[PDB]
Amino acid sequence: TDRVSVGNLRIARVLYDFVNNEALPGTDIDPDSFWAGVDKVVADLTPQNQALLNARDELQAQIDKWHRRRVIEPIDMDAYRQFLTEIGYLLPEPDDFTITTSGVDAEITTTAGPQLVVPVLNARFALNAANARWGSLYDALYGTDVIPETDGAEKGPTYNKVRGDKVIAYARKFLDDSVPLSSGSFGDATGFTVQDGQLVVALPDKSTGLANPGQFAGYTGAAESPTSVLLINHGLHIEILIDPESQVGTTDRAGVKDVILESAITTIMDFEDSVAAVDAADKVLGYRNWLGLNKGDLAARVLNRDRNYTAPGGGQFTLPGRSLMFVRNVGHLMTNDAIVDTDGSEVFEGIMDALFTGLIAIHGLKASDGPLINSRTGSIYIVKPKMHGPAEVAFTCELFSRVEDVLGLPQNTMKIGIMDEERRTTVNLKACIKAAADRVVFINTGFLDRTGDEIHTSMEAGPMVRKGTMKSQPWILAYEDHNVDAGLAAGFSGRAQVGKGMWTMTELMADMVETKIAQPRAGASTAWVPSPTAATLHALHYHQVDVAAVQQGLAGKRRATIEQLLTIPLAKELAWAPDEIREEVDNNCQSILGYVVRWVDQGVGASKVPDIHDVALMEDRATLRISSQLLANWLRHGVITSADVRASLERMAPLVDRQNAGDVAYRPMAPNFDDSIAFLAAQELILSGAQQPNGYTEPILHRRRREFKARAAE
């Protein structure tokens, strides 16, 4: 074949060449000893990796049997919880502690703000995310529905002045609320001056300074009529751009051209649920973009330089122009044929990701060719998804230690962002944080994956409530609060991020601005957004809410009990009219088909996907886990029949077809269903759902995408 032998490993040539030619030079790692390290790490850690995956299985089987041997009305929580304890699912909670993680950048320890997640296989997206640290508020307001397209203020082929004026008024209001003047409002401002280290704002009748002079952070141009004024509020920068000669500036009372907000403070470059990578060629493409980002030479459009300002006093300084990058590795489950052993057995992809994304990240710790791209404090930031419990966390930390040795990095260089998205992590969260107490830089919650796990875990208990209902169930509200509580009690405030989930409705920005404010109000120092535009709008929330104060107020509170966490989301007796059952089935089948068809046919793992009511959603692969699990649960307990499932898939497929009309490379699923690899993938996810380990959709998706790629190669 086309593989390179390195001890017991057989490495795909594309990967071997990529690493030797592009990734290794400049790192001062001996190529030969790097590869020997790969072979030794893979050999040493593979059995523990497999042991952990079998443990998930054995635990799940015991819970399955517990439910099946019982026939009682409601679950006896006391009994249930004692059972989870005996079998090792629920572990004892350790004593209080404070995390000791060190060498972490300010963006993570201190600054509260939006966090972008983007598919690393899409160079354009990744570049846009990296540059999304600063974004135009005017663009974000004019371009979306945050300013209503009421009569007269609608978006046309060209500039609407009525609408522009609403934009301007909106941002004036933001400035008054965020950086208030001593007297009067920015709405009446006439000009900006810097007089002896102090900001002077001219009003029609008088002039005034800031109510808090310290929020003045700097300017550009001459103090006597600056080209911009830089402000700071809750650690986030705001920049007023001054230019009376611009399209918008000409019509403005102070000649203001735009307001620029520091938005995406950090970004997660994603190798997991937002991308489709099923072989060596797909992995190399992702690795190559990750390398381009870290070397700062990725182009598809390039990376921004830092921003230059004059201090208020008159000196000079500089602010980062790029979002600080994390990478999200895949989790413990999947293998990938980018490397096989002599037996033909695929190597664990999570193990490979640590080695290769870790190797590659070394470049971000040094000079691009300009200044060094990423971490100035010398850290590598890796998000590790889908872990179940503190043993799996300890394993990931040991994998990182071993990689650090192979790479010649100081111990604890590789920091860990722990996703709390699996039930066995949730109920043992404190122990999970403790297992990573010297590497952890965040914890984070989310709707989709965690709900998918909830469904699979109690699959045998009975029929679950509908998908839309899940978002307001006691278990999940408790899960959200417990996560914040565990983080703050572990000393995250001032040290590590406490993060919340993605806003998926990309076009519903008015709704996001209205509702997402709940997350920083709950003490989240960060939350996920789908686009640079959403990052700029969500940044508004951090100007309104003092997250640090919120966190300080929550300290010491125990707002969720183990009993609440363990409250299974079972439907009541006879909860749904027949029409309601049908809507939910259609809803879920459309969700699966819509996402699956792009994934299997085009290898796209994230995009704006129209839902059943044509609302544009940007969800990752976890949308598949939840939908397939709910349908599998409804089929399992006799809520619906296999003909209902079939009929819905067939009803939804043409709909998904016409929803993809704009796409030149799209191939329809209807009417030849059993010919469409994608349609068959969607069906398999449902009918085999209950048998997939923890409801994970990767084994099936990966197989079907590989099958599609093979067909197309003929």
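When you see a residue number, it is the position in the sequence shown, counting from 1. So that the term is clear: the rigid core is the largest set of C-alpha atoms that superpose within 1.5 Å between two forms.
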Query - Stretch with greater C-alpha deviation in 6 other deposited structures of this protein, 445-453 versus 486-494 (rigid core superposition) - result: 445-453
Query raised in the report: Looking at the other compared entries that model residues on both sides of it, is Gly662 unmodelled in at least a third of them?
Result: yes
Query raised in the report: Should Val529 be counted as unmodelled in at least a third of the other PDB entries compared?
Result: no
Query - Chain break class at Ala169/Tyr170 - deposited residues not modelled - result: none
Query - Between neighbours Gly370 and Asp369, residues that the deposited sequence lists but the model omits - result: 1 to 3
Query raised in the report: If you average the CA temperature factors over each stretch, which comes out higher, 66-74 or 680-688?
Result: 66-74
Query raised in the report: Per the entry, where is the mean C-alpha temperature factor higher: 125-133 or 208-216?
Result: 208-216
Report summary line: In this crystal structure's PDB entry, the residue among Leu261, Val529, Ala518, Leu574 with the greatest CA B factor is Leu574
**Report entry** Candidate residues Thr469, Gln497, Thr425, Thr193, the one whose C-alpha B factor the record puts highest
**Finding:** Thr193
Query - Lowest, middle or highest third - CA B-factor, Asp273 - result: lowest
**Report entry** Entry-reported Cα temperature factor of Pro157, expressed as the chain third it lands in
**Finding:** highest
Query - Assigned third (lowest, middle, highest) for the C-alpha B factor of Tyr89 - result: middle
**Report entry** Third of chain Cα B-factors occupied by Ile29
**Finding:** highest
Query - Entry-reported Cα temperature factor of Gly417, expressed as the chain third it lands in - result: lowest
